[PDB]
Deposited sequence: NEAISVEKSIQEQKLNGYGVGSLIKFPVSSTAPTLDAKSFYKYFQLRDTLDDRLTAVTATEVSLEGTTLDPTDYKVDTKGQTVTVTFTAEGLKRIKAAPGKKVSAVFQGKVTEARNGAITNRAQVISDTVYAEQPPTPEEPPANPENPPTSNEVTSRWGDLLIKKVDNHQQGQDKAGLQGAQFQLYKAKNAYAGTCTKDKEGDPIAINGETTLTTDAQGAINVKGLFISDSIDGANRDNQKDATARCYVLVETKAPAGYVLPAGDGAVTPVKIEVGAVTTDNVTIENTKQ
């Protein structure tokens, strides 16, 4: 019995703080003897404290379509469980070699040290019986259960200062050369939502504090908008509105390349 963990392309969920990180978790169902049955089967994941409103979605058994009464998803503190019901356990027994999976998830509140890690576990047990038994509640604290590989999603912060001048407005973009040694003005895509807001406004001190932007993750693979071993990522900052009475520079003048690592001062000239 083994558990595998990955991470969804962060692009699909959003580069900024307040976005979800989604973790696909899967375990290949064992081949049970005819008279061996599950007492229980649970996917468990205690998510990193930087992730809030933690839960699981997309519960699946490969090659099958589950119904809503096949499992129960619950959160206790940071710990999410996907616990298969009696019907679900019968399905899993009938599906040897097939992947049992779910996507664990939480909302990014902030970067902190910048390395958000995750593991998941499979809590299951079987018993020989002449007659198929009713399931049992999985134990709260099993000793050393099968545990996945650890994955890591890396995040950094950004502090912008307009000079402080209140009411200046900015928008953040994905950079074309996201992993350049020297970041460039070249951008693509729509503005990035920071806690649901795509327009950033400097406060009384002329500051915008972006508490998290995605840098890279530990997953390898073609065309993932990623660089596995990267500790810094490029973004493009665009000034959209000058503070009251100030010049908003034309074209490339209002575009700033920013290097986010696991701080930026824009200088203003008055009319």
Can you list the gaps, in order, where the deposited sequence has no modelled residues? 1 to 3, 167 to 176, 276 to 281
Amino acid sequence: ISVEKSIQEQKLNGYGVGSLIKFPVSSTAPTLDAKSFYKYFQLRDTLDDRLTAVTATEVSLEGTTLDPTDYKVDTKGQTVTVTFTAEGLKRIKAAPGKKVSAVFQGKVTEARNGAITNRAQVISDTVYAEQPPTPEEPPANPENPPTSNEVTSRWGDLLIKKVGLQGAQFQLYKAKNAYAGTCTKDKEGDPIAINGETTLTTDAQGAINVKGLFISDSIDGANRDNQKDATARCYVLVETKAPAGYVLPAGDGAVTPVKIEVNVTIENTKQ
From here on, numbers count along this sequence of modelled residues.
On average, which has the higher Cα B-factor in the deposited entry, 253 to 261 or 8 to 16? 253 to 261
Using only C-alpha atoms and the B-factors in the entry, which stretch averages higher, 124 to 132 or 194 to 202? 194 to 202
Among 174, 90, 76, 107, where is the Cα temperature factor highest, going by the PDB entry? 174
Candidate residues 141, 81, 182, 118, the one whose C-alpha B factor the record puts highest: 182
What third of the chain, by the recorded C-alpha B-factor, contains residue 150? lowest
With respect to C-alpha B-factor, does residue 244 fall in the lowest, middle or highest third of the chain as deposited? highest
Using the temperature factors of the C-alpha atoms in this entry, rank residue 189 within its chain: lowest, middle or highest third. highest
By the entry's values, the third containing the CA B factor of residue 96 is the lowest
Comparing against every modelled residue in the chain, figure out the third that the C-alpha B-factor of residue 166 lands in (lowest, middle or highest). highest
